[PDB]
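Have a look at the structure below before the remarks.
FYI, it's all coordinate maths here, none of it is from the lab. Please note: Cβ atoms are built from the backbone with ideal geometry, for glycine as well, and neighbour counts cover all protein chains shown.
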Amino acid sequence: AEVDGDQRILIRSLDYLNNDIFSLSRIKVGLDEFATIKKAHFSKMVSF
């Protein structure tokens, strides 16, 4: 497919994209793209 827009990521778009998403380690930074956080083993959770 052909797209000519830069798809510059704006903050005003994130709220509408993530209105139904309540995750803390994933947000819809784009339409089909995501911003994620790397996982860690829960065995390290004992330090809290």
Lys44 versus (1) on the phi > 0 side of the Ramachandran plot; (2) not in a loop (DSSP other than H, G, I, E, B): which is the lone unmet condition?
(1)
Are there any pairs with C-beta distances below 9 angstrom linking a residue in the stretch 25-48 that is under 18 Å from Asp15 (Cβ atoms) to a residue that is aromatic (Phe, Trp, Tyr), with the two at least 6 apart or on different chains, and if so which?
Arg26/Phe34; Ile27/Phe34; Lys28/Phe34
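Filter the stretch 1-22 for residues that are surrounded by 10 or more Cβ atoms within 10 Å (Cβ to Cβ) and in a helix (DSSP H, G or I); which is farthest from the chain's Cα centre (by Cα)?
Only one residue fits best here, namely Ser13.
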Residues that are of a type in the set (S, T, N, Q), touching a strand residue (DSSP E or B) at 6+ places or on another chain (Cβ under 8 Å) and within 24 Å of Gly5 (Cβ to Cβ), drawn from the stretch 15-33:
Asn18
Mind listing whichever residues of the stretch 23-32 are in a loop (DSSP other than H, G, I, E, B) and surrounded by 11 or more Cβ atoms within 10 Å (Cβ to Cβ)?
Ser23, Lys28, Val29, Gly30
